Colleague: 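Mind having a look at this structure? Questions to follow.
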2 protein chains.
Amino acid sequence: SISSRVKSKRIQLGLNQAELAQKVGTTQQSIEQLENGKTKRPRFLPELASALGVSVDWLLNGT
Amino acid sequence: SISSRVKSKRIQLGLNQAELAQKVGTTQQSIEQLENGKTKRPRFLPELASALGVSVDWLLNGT
DNA sequence: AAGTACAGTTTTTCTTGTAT
DNA sequence: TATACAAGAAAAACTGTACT
């Protein structure tokens with residue numbers, strides 16, 4: 001699950017939704033939509049993975 | 001641009017818009033847009049880099 | 001013909017405001 | 001202070017059809 005994956009990586013970077021949104025260059029509301037199953041493929045997918053030290057690949061299919 | 005990059009490697013791989021469309025899970029129409037510069041951030045980005053045998057970063061950033 | 005682009009409509013993601 | 005809801009705008013998707 002992408003939402004579960006984001007939520008877990010950010011909680012563990014010890015970031016907040018708004019703090020993350022900042023690094024990713026988006027809004028808190030986008031982070032939530034993502035974290036809450038309202039978005040499958042955000043436009044900020046690349047930056048987000050970059051801001052989580054992960055791979056777009058691990059986010060989408062966690063592999 | 002990403003457009004540039006996509007169009008090149010498409011041709012370099014000898015693929016047409018519709019056969020890349022099928023490798024990536026999209027429609028040629030969605031391909032023509034990205035290529036023709038309509039679309040800024042295609043959702044199939046990741047599927048695309050795999051198909052074009054490159055990376056998301058080079059695709060969006062080149063280098 | 002076969003490959004590419006155009007158009008209208010619809011789905012999805014964003015944005016901004018707010019409520020728990 | 002942190003996260004969730006929600007209505008409308010916008011990006012971008014689809015289907016169909018038309019260039020070349």
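Naming convention: chains lettered A, B, ... in sequence-line order (proteins, then strands); numbering from 1 in each chain. All heavy atoms count here, side chains included; hydrogens, waters and symmetry mates do not.
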Colleague: Once you round it to whole Å, what is the distance between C1' of C:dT4 and CD1 of B:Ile11?
Modeller: 12 Å
Colleague: In whole angstrom, give the distance that lies between atom CG of B:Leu48 and atom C1' of D:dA13.
Modeller: 15 Å
Colleague: Do A:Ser3 and A:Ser1 have a side chain donor and acceptor closer than 3.5 Å?
Modeller: yes
Colleague: Are any of the side-chain nitrogens in B:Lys38 or B:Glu32 under 4.0 Å away from the carboxylate oxygens of its partner?
Modeller: no
Colleague: Do A:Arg41 and A:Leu60 make a side-chain contact, defined as non-hydrogen atoms from C-beta onward lying under 4.5 Å apart?
Modeller: yes
Colleague: B:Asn36 has an atom CG; how far is it from atom P of D:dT20, in whole Å?
Modeller: 14 Å
Colleague: Counting primed atoms plus P, OP1 and OP2 as sugar-phosphate and everything else as base, spell out the protein contacts along nucleotides 10-20 of chain C at 4.0 Å heavy-atom distance: B, S or - for each nucleotide, 5' to 3'.
Modeller: --SSBBBBB--
Colleague: Can you see if the side chain of B:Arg10 gets near the phosphate of C:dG3 - specifically, an N or O under 4.0 Å from OP1 or OP2?
Modeller: no
Colleague: Would you call B:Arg10 and B:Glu35 a salt bridge, using N to O less than 4.0 angstrom?
Modeller: yes
Colleague: What is the sugar pucker of D:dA13, north (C3'-endo side) or south (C2'-endo side), as given by the torsion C1'-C2'-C3'-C4'?
Modeller: north
Colleague: Round to the nearest Å and state the distance from A:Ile31 atom CD1 to D:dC5 atom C1'.
Modeller: 17 Å
Colleague: Tell me: CG of B:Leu20 to P of C:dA5, nearest whole Å?
Modeller: 13 Å
Colleague: Taking CD from B:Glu32 and P from D:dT15, how many angstroms apart are they, rounded to a whole number?
Modeller: 15 Å
Colleague: Would you say the side chain of B:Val56 lies within less than 4.5 Å of the side chain of B:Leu48, judging by non-hydrogen atoms?
Modeller: no
Colleague: Which ILVMFWY residues are connected to B:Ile11, directly or by a chain of links, through side-chain heavy atoms under 4.5 Å apart?
Modeller: none
Colleague: Can you tell me the distance, in whole Å, between the CD atom of A:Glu35 and the P atom of D:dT3?
Modeller: 8 Å
